[PDB]
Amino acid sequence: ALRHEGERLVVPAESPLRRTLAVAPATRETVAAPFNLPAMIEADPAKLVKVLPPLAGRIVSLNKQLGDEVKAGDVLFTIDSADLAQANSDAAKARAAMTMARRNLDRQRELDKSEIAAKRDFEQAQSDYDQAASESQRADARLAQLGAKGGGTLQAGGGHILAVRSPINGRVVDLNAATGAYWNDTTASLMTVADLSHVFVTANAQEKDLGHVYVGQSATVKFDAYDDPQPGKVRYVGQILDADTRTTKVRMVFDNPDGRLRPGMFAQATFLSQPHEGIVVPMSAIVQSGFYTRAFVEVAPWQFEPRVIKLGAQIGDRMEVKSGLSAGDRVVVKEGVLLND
């Protein structure tokens, strides 16, 4: 009665599970798991651009339209920033005032001096100037900031109207802007240009099936709502998990000549791992407590040690233990030498 503890678990020599416990060495065998991954269609990250405006302002026009063809670099929309209007003139004011305010000062130094001095008014002269200068210096920077943002899309004259161009060839794939509407946000994004002649079919894999993927495979992709499955080859790859989901991206590029392949659609895939010599236990041997997962190994007769393992592929009741658990260990089957009940 019935499990004593060191950390490692000793069974008397007395106890009932002395009948019901069972063990076998851990056998290395060949594995060639077929495995299956959820996937989604994805535009080629660019290849696709959500075009944003460089500055806010009234939309003057929408050349190009949902479905319309585009070439790099057509004009897609035009913005009347104002905004940039103000700031251009304000800084015209700002400077005028200064320059004038200045030479009003300069003509008050020369009459203190030369001949005979007049009145304190020099005092206003200076305060007035110092101020107009600071304010101009202010306007100067507002223009500076703004023009740096919308300088590359300006035309000569106009109203200070920006013309945003498309940087790549494709079709207008999303719209969501109105002529006359003011656009305040950014990104925001007035439209979306894209060339989906080819798409990514991006499947996502788990640590379970991560040693089982390789650039080079060898995939069968079955969408919905398309009955007829379709072949692919993975181009990428791995190689870091996603923290939230703990999956990694495994993507294959598809031709989309029709293109019944639409970014967003769902699919599955459908792979075969290279044969490799792997170690495998029955389900009866694995136990989970949290985010783990471990088997029990006999030491020492009737003395067991926990062992943190991971894990998969499985199917059916056989389970690939990818570490470990190494060849020969007397693993239990099993079972609840982890509760005392």
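The first residue of the shown sequence is 1; numbering continues from there.
S.K.: Using only C-alpha atoms and the B-factors in the entry, which stretch averages higher, 150-158 or 267-275?
M.R.: Per the PDB record, 150-158.
S.K.: Where do the C-alpha atoms have the higher mean temperature factor in this entry, in 98-106 or in 118-126?
M.R.: If you average the C-alpha B-factors of 98-106 and of 118-126, the larger mean comes out for 118-126.
S.K.: Which has the highest CA B-factor per the PDB entry: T78, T202, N169, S89?
M.R.: Of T78, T202, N169, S89, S89 has the highest C-alpha B-factor.
S.K.: From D174, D83, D255, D195, pick the one with the largest CA B-factor in the entry?
M.R.: In the PDB entry, the greatest C-alpha B-factor among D174, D83, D255, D195 is found at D83.
S.K.: What third of the chain does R165 rank in for C-alpha temperature factor, lowest, middle or highest?
M.R.: For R165, the deposited C-alpha B-factor lands in the lowest third.
S.K.: Lowest, middle or highest third: where is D74 by C-alpha B factor in its chain?
M.R.: Middle third, going by the recorded CA B-factors of the chain.
S.K.: Just say lowest, middle or highest third for the CA B-factor of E42 relative to the other modelled residues in its chain.
M.R.: Bottom third by C-alpha B-factor.
S.K.: Could you tell me which third, lowest, middle or highest, the C-alpha B-factor of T248 occupies within its chain?
M.R.: CA B-factor rank for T248: lowest third.
S.K.: For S218, does the deposited CA B-factor place it in the lowest, middle or highest third of the chain?
M.R.: As the PDB entry reports it, the C-alpha B-factor of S218 lands in the highest third of its chain.
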